[PDB]
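So this first bit is one chain, no partners, the form deposited in one PDB entry, shown in structure tokens.
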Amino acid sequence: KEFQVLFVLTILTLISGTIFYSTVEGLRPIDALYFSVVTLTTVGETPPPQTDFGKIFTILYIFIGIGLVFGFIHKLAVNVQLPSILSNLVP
């Protein structure tokens, strides 16, 4: 764990996104955070960024961030969720 470092790295990445989109795209922080989340996890169900600076940043953000996010989701699943789910089936 590894898991913790992964979790922190993600939090950091999301905070940076939240600050950026909140500042540059003029989004409320909750909307800025959400964009960051649905974008990196590829859910992306939002309109696109309106600013060229947002567009460029988002492009770099996606390539730098996806890998980390999915490594986190992967580690979360394989090392946190699986053992909890497993334990909860011990009769």
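Quick note: we count residues from 1 along the sequence shown, nothing fancier. Here the rigid core means the biggest group of C-alpha atoms that line up within 1.5 Å when the two forms are laid on top of each other. Residues that one form lacks are left out of the comparison.
- For the two regions 35-43 and 48-56, the entry's Cα B-factors average higher over 48-56.
- The mean Cα B-factor in the deposited entry runs higher for 78-86 than for the other of 78-86 and 63-71.
- Per the deposited record, the Cα B-factor of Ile11 falls in the middle third when ranked against the other modelled residues of its chain.
Just so you know, the form deposited in another entry exists too; it's not on screen, but the next bit is about it.
- Annotation: Cα of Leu14 displaced by less than 2 Å between this form and the one not shown, core superposition.
- With the core held fixed, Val24 shows a CA shift below 2 Å between this form and the one not shown.
- At a threshold of 2 Å in C-alpha displacement, with the core superposed and only residues shared by both forms counted, the segments of at least 3 consecutive residues that shift between this form and the one not shown are, in sequence order, 1-3, 65-67, 69-82.
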